[PDB]
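*Asks:* A single structure is presented below for examination.
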Amino acid sequence: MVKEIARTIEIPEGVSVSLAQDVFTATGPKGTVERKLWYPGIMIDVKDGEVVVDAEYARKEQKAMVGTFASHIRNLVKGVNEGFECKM
RNA sequence: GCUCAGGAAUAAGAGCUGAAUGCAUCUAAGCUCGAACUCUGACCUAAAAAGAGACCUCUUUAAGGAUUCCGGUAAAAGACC
């Protein structure tokens with residue numbers, strides 16, 4: 001069917017996300033984390049416990065970038081909520 | 001007699017994050033390391049840098065500069081002390 005290039009993230013409770021200027025800011029029980037996710041042709045909005053990210057052209061580069069940004073947002077919220085561990 | 005580094009950014013290469021391609025992936029964005037190479041740091045030269053410089057002092061019929069005179073740490077002539 002359709003090649004729509006929109007993605008939702010469904011932010012969970014606790015994280016105070018924002019998209020001031022370009023840097024994407026979050027805060028929660030496990031401290032705060034910051035990141036910058038600016039890229040032409042890829043717009044991001046934060047609203048109602050979810051961040052919507054999409055593009056305009058169906059070129060595969062746009063689709064790859066929208067996937068990458070969605071993954072980064074998920075990992076940021078997940079990290080600020082509880083944290084991440086590595087065992088060696 | 002003296003004759004070093006340290007740092008920044010990199011090549012081949014090794015990784016992290018990561019989607020197109022639900023997974024996976026060093027790569028497509030992004031990030032971390034990485035050479036006697038490159039840059040910086042030492043060293044020599046450089047207001048005739050035409051955007052032709054900055055600051056201070058002394059004095060504009062003076063400050064000061066040259067020539068003569070006695071010389072050499074300098075010297076082909078000039079210059080320099």
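Identifiers in this document derive from the order of the structure tokens: chains are assigned A, B, ..., residues are numbered from 1 separately in each chain, and ligands are numbered from 1 in order of occurrence.
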Would you mind listing, for every residue of chain B within 12 Å of chain A, the two atoms forming the shortest contact and the distance between them in Å to one decimal, using only C-alpha atoms (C1' of nucleotides), sorted by chain and ascending residue number, as CSV?
*Replies:*
residue,atom,partner,partner_atom,distance
B:17,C1',A:72,CA,8.7
B:18,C1',A:68,CA,6.1
B:19,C1',A:68,CA,5.0
B:20,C1',A:64,CA,4.9
B:21,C1',A:64,CA,10.4
B:22,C1',A:67,CA,11.5
B:27,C1',A:64,CA,11.9
B:28,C1',A:61,CA,7.3
B:29,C1',A:65,CA,6.9
B:30,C1',A:37,CA,9.5
*Asks:* Pull N, CA and C atoms (P, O5', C5', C4', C3', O3' and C1' of nucleotides) from the residues just selected and write them as a PDB file, in the first residue's frame.
*Replies:*
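Written file, result_3.pdb:
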ATOM      1  P     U B  17      26.301  -0.223  20.537  1.00  0.00           P
ATOM      2  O5'   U B  17      25.554   1.040  19.926  1.00  0.00           O
ATOM      3  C5'   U B  17      25.146   2.115  20.755  1.00  0.00           C
ATOM      4  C4'   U B  17      24.545   3.238  19.950  1.00  0.00           C
ATOM      5  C3'   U B  17      23.444   2.851  18.979  1.00  0.00           C
ATOM      6  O3'   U B  17      22.183   2.682  19.598  1.00  0.00           O
ATOM      7  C1'   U B  17      24.975   4.269  17.897  1.00  0.00           C
ATOM      8  P     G B  18      21.067   1.747  18.921  1.00  0.00           P
ATOM      9  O5'   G B  18      21.000   2.249  17.413  1.00  0.00           O
ATOM     10  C5'   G B  18      20.319   3.448  17.080  1.00  0.00           C
ATOM     11  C4'   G B  18      20.324   3.702  15.595  1.00  0.00           C
ATOM     12  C3'   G B  18      19.758   2.595  14.729  1.00  0.00           C
ATOM     13  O3'   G B  18      18.343   2.551  14.722  1.00  0.00           O
ATOM     14  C1'   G B  18      21.783   3.331  13.800  1.00  0.00           C
ATOM     15  P     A B  19      17.564   1.146  14.645  1.00  0.00           P
ATOM     16  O5'   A B  19      17.093   1.058  13.131  1.00  0.00           O
ATOM     17  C5'   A B  19      15.940   1.755  12.698  1.00  0.00           C
ATOM     18  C4'   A B  19      16.168   2.477  11.396  1.00  0.00           C
ATOM     19  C3'   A B  19      15.853   1.706  10.130  1.00  0.00           C
ATOM     20  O3'   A B  19      14.467   1.642   9.859  1.00  0.00           O
ATOM     21  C1'   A B  19      17.880   2.895   9.867  1.00  0.00           C
ATOM     22  P     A B  20      13.908   0.599   8.778  1.00  0.00           P
ATOM     23  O5'   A B  20      14.538   1.094   7.403  1.00  0.00           O
ATOM     24  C5'   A B  20      13.976   2.179   6.682  1.00  0.00           C
ATOM     25  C4'   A B  20      14.555   2.271   5.294  1.00  0.00           C
ATOM     26  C3'   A B  20      14.398   1.023   4.442  1.00  0.00           C
ATOM     27  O3'   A B  20      13.125   0.970   3.819  1.00  0.00           O
ATOM     28  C1'   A B  20      16.639   1.767   4.344  1.00  0.00           C
ATOM     29  P     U B  21      12.604  -0.357   3.079  1.00  0.00           P
ATOM     30  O5'   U B  21      13.208  -1.561   3.926  1.00  0.00           O
ATOM     31  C5'   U B  21      12.528  -2.809   3.989  1.00  0.00           C
ATOM     32  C4'   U B  21      13.283  -3.820   4.811  1.00  0.00           C
ATOM     33  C3'   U B  21      13.796  -3.313   6.155  1.00  0.00           C
ATOM     34  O3'   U B  21      13.775  -4.372   7.109  1.00  0.00           O
ATOM     35  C1'   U B  21      15.622  -3.996   4.822  1.00  0.00           C
ATOM     36  P     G B  22      12.397  -4.805   7.811  1.00  0.00           P
ATOM     37  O5'   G B  22      12.703  -4.698   9.370  1.00  0.00           O
ATOM     38  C5'   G B  22      12.809  -3.436  10.019  1.00  0.00           C
ATOM     39  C4'   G B  22      12.180  -3.475  11.389  1.00  0.00           C
ATOM     40  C3'   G B  22      12.819  -4.467  12.357  1.00  0.00           C
ATOM     41  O3'   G B  22      12.755  -3.974  13.694  1.00  0.00           O
ATOM     42  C1'   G B  22      10.563  -5.070  11.981  1.00  0.00           C
ATOM     43  P     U B  27      28.477  -0.616   8.338  1.00  0.00           P
ATOM     44  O5'   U B  27      28.676   0.807   7.655  1.00  0.00           O
ATOM     45  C5'   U B  27      28.439   0.989   6.263  1.00  0.00           C
ATOM     46  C4'   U B  27      28.225   2.441   5.910  1.00  0.00           C
ATOM     47  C3'   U B  27      29.485   3.314   5.917  1.00  0.00           C
ATOM     48  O3'   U B  27      29.349   4.418   5.017  1.00  0.00           O
ATOM     49  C1'   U B  27      27.962   4.164   7.460  1.00  0.00           C
ATOM     50  P     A B  28      29.223   4.256   3.424  1.00  0.00           P
ATOM     51  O5'   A B  28      27.850   4.997   3.086  1.00  0.00           O
ATOM     52  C5'   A B  28      26.653   4.674   3.778  1.00  0.00           C
ATOM     53  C4'   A B  28      25.602   5.749   3.657  1.00  0.00           C
ATOM     54  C3'   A B  28      25.751   6.941   4.592  1.00  0.00           C
ATOM     55  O3'   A B  28      26.610   7.939   4.069  1.00  0.00           O
ATOM     56  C1'   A B  28      23.548   6.103   4.737  1.00  0.00           C
ATOM     57  P     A B  29      27.336   8.991   5.042  1.00  0.00           P
ATOM     58  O5'   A B  29      26.156   9.838   5.689  1.00  0.00           O
ATOM     59  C5'   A B  29      26.443  10.727   6.756  1.00  0.00           C
ATOM     60  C4'   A B  29      25.219  11.423   7.293  1.00  0.00           C
ATOM     61  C3'   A B  29      25.426  12.130   8.622  1.00  0.00           C
ATOM     62  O3'   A B  29      26.028  13.403   8.490  1.00  0.00           O
ATOM     63  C1'   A B  29      23.487  10.807   8.752  1.00  0.00           C
ATOM     64  P     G B  30      27.464  13.673   9.155  1.00  0.00           P
ATOM     65  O5'   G B  30      27.292  13.172  10.655  1.00  0.00           O
ATOM     66  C5'   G B  30      26.398  13.839  11.529  1.00  0.00           C
ATOM     67  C4'   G B  30      26.334  13.195  12.892  1.00  0.00           C
ATOM     68  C3'   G B  30      27.652  12.951  13.598  1.00  0.00           C
ATOM     69  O3'   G B  30      28.221  14.122  14.152  1.00  0.00           O
ATOM     70  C1'   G B  30      26.266  11.064  13.848  1.00  0.00           C
TER      71        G B  30
END
*Asks:* Residues of chain A in strand (DSSP E or B) according to DSSP, as a list in words?
*Replies:*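 For chain A, the strand (DSSP E or B) set is residues 7, 18, 23, 24, 25, 26, 27, 28, 31, 32, 33, 34, 35, 36, 42, 43, 44, 45, 46, 51, 52, 53, 54 and 55 of chain A.
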*Asks:* List the neighbours of segment 42-52 of chain A out to 8 Å using only C-alpha atoms (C1' of nucleotides); skip same-chain residues closer than 2 positions along the sequence, and give me the result as a ChimeraX atom specification.
*Replies:* /A:6-13,17-19,38-40,54-56,62,65-66
*Asks:* The selected residues should be written to file as a PDB file, in the first residue's frame (atoms: N, CA, C and O atoms).
*Replies:*
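Okay, again_20.pdb is ready:
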ATOM      1  N   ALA A   6       5.648   8.958   8.032  1.00  0.00           N
ATOM      2  CA  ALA A   6       5.447   9.472   9.376  1.00  0.00           C
ATOM      3  C   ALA A   6       5.721   8.388  10.410  1.00  0.00           C
ATOM      4  O   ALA A   6       5.555   7.194  10.147  1.00  0.00           O
ATOM      5  N   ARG A   7       6.150   8.821  11.595  1.00  0.00           N
ATOM      6  CA  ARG A   7       6.465   7.926  12.697  1.00  0.00           C
ATOM      7  C   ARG A   7       6.026   8.569  14.003  1.00  0.00           C
ATOM      8  O   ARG A   7       6.173   9.780  14.185  1.00  0.00           O
ATOM      9  N   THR A   8       5.487   7.755  14.907  1.00  0.00           N
ATOM     10  CA  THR A   8       5.111   8.189  16.243  1.00  0.00           C
ATOM     11  C   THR A   8       5.973   7.466  17.267  1.00  0.00           C
ATOM     12  O   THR A   8       6.531   6.402  16.992  1.00  0.00           O
ATOM     13  N   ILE A   9       6.090   8.056  18.457  1.00  0.00           N
ATOM     14  CA  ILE A   9       7.023   7.531  19.448  1.00  0.00           C
ATOM     15  C   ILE A   9       6.327   7.210  20.766  1.00  0.00           C
ATOM     16  O   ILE A   9       6.755   6.309  21.495  1.00  0.00           O
ATOM     17  N   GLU A  10       5.237   7.917  21.070  1.00  0.00           N
ATOM     18  CA  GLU A  10       4.429   7.659  22.263  1.00  0.00           C
ATOM     19  C   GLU A  10       5.270   7.779  23.540  1.00  0.00           C
ATOM     20  O   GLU A  10       5.539   6.800  24.238  1.00  0.00           O
ATOM     21  N   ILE A  11       5.689   9.013  23.811  1.00  0.00           N
ATOM     22  CA  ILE A  11       6.540   9.289  24.976  1.00  0.00           C
ATOM     23  C   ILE A  11       5.819   8.862  26.248  1.00  0.00           C
ATOM     24  O   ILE A  11       4.592   9.060  26.363  1.00  0.00           O
ATOM     25  N   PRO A  12       6.503   8.273  27.222  1.00  0.00           N
ATOM     26  CA  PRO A  12       5.848   7.854  28.459  1.00  0.00           C
ATOM     27  C   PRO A  12       5.889   8.943  29.526  1.00  0.00           C
ATOM     28  O   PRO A  12       6.556   9.969  29.388  1.00  0.00           O
ATOM     29  N   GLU A  13       5.161   8.686  30.609  1.00  0.00           N
ATOM     30  CA  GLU A  13       5.049   9.654  31.687  1.00  0.00           C
ATOM     31  C   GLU A  13       6.390   9.852  32.379  1.00  0.00           C
ATOM     32  O   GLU A  13       7.194   8.925  32.508  1.00  0.00           O
ATOM     33  N   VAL A  17       9.879  16.357  27.643  1.00  0.00           N
ATOM     34  CA  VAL A  17      10.549  16.548  26.365  1.00  0.00           C
ATOM     35  C   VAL A  17      10.332  17.972  25.867  1.00  0.00           C
ATOM     36  O   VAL A  17       9.391  18.665  26.261  1.00  0.00           O
ATOM     37  N   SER A  18      11.235  18.416  24.995  1.00  0.00           N
ATOM     38  CA  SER A  18      11.114  19.713  24.341  1.00  0.00           C
ATOM     39  C   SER A  18      11.997  19.713  23.105  1.00  0.00           C
ATOM     40  O   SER A  18      12.912  18.898  22.974  1.00  0.00           O
ATOM     41  N   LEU A  19      11.716  20.645  22.202  1.00  0.00           N
ATOM     42  CA  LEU A  19      12.463  20.783  20.957  1.00  0.00           C
ATOM     43  C   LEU A  19      12.830  22.241  20.729  1.00  0.00           C
ATOM     44  O   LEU A  19      12.669  22.791  19.638  1.00  0.00           O
ATOM     45  N   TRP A  38      18.804  18.031  14.162  1.00  0.00           N
ATOM     46  CA  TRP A  38      18.399  18.858  13.037  1.00  0.00           C
ATOM     47  C   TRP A  38      18.875  18.252  11.723  1.00  0.00           C
ATOM     48  O   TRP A  38      20.002  17.762  11.620  1.00  0.00           O
ATOM     49  N   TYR A  39      18.004  18.296  10.721  1.00  0.00           N
ATOM     50  CA  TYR A  39      18.305  17.794   9.389  1.00  0.00           C
ATOM     51  C   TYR A  39      17.277  18.329   8.403  1.00  0.00           C
ATOM     52  O   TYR A  39      16.072  18.208   8.647  1.00  0.00           O
ATOM     53  N   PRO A  40      17.704  18.921   7.288  1.00  0.00           N
ATOM     54  CA  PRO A  40      16.739  19.503   6.348  1.00  0.00           C
ATOM     55  C   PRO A  40      15.799  18.458   5.765  1.00  0.00           C
ATOM     56  O   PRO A  40      16.193  17.327   5.479  1.00  0.00           O
ATOM     57  N   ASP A  54       8.346  13.132  10.561  1.00  0.00           N
ATOM     58  CA  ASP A  54       8.017  12.734   9.198  1.00  0.00           C
ATOM     59  C   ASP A  54       8.863  13.546   8.228  1.00  0.00           C
ATOM     60  O   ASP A  54       9.676  14.382   8.629  1.00  0.00           O
ATOM     61  N   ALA A  55       8.652  13.293   6.939  1.00  0.00           N
ATOM     62  CA  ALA A  55       9.369  13.971   5.870  1.00  0.00           C
ATOM     63  C   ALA A  55       8.362  14.357   4.795  1.00  0.00           C
ATOM     64  O   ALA A  55       7.146  14.291   5.002  1.00  0.00           O
ATOM     65  N   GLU A  56       8.869  14.765   3.638  1.00  0.00           N
ATOM     66  CA  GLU A  56       8.021  15.180   2.528  1.00  0.00           C
ATOM     67  C   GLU A  56       8.233  14.358   1.269  1.00  0.00           C
ATOM     68  O   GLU A  56       7.262  14.030   0.585  1.00  0.00           O
ATOM     69  N   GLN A  62      15.336  10.067   2.822  1.00  0.00           N
ATOM     70  CA  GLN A  62      14.412  10.658   3.782  1.00  0.00           C
ATOM     71  C   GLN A  62      13.860   9.596   4.722  1.00  0.00           C
ATOM     72  O   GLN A  62      13.752   9.814   5.935  1.00  0.00           O
ATOM     73  N   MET A  65      16.480   8.525   7.245  1.00  0.00           N
ATOM     74  CA  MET A  65      16.684   9.531   8.280  1.00  0.00           C
ATOM     75  C   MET A  65      15.524   9.564   9.266  1.00  0.00           C
ATOM     76  O   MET A  65      15.736   9.761  10.469  1.00  0.00           O
ATOM     77  N   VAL A  66      14.292   9.384   8.789  1.00  0.00           N
ATOM     78  CA  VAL A  66      13.168   9.408   9.720  1.00  0.00           C
ATOM     79  C   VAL A  66      13.236   8.209  10.655  1.00  0.00           C
ATOM     80  O   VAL A  66      12.971   8.328  11.861  1.00  0.00           O
TER      81      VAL A  66
END
*Asks:* What is the atom CA of residue 36 of chain A-atom CA of residue 21 of chain A distance in Å, reported with one decimal?
*Replies:* 9.2 Å
*Asks:* Write out as a VMD selection string the residues lying within 12 Å of residue 10 of chain B, counting only C-alpha atoms (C1' of nucleotides) and excluding same-chain residues fewer than 4 positions away.
*Replies:* chain B and resid 33 to 35 37 to 39
*Asks:* When you look at residue 41 of chain B with a cut-off of 10 Å (counting only C-alpha atoms (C1' of nucleotides)), what residues show up, excluding the ones that are within fewer than 6 positions of it in the same chain? I need them as a list in words.
*Replies:*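 Those residues are residues 5, 6 and 7 of chain B.
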*Asks:* Give me, as a list in words, all polymer residues having an atom no more than 12 Å from segment 29-35 of chain A, counting only C-alpha atoms (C1' of nucleotides) and skipping those fewer than 4 positions away in the same chain.
*Replies:*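 Everything that qualifies: residues 13, 14, 15, 16, 17, 18, 19, 20, 21, 22, 23, 24, 25, 69, 72, 73, 75, 76, 77, 78, 79, 80, 81, 82, 83 and 84 of chain A; 30 of chain B.
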*Asks:* Please report the interatomic distance between atom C1' of residue 26 of chain B and atom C1' of residue 12 of chain B in Å with one decimal.
*Replies:*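 Pair atom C1' of residue 26 of chain B / atom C1' of residue 12 of chain B returns 14.4 Å.
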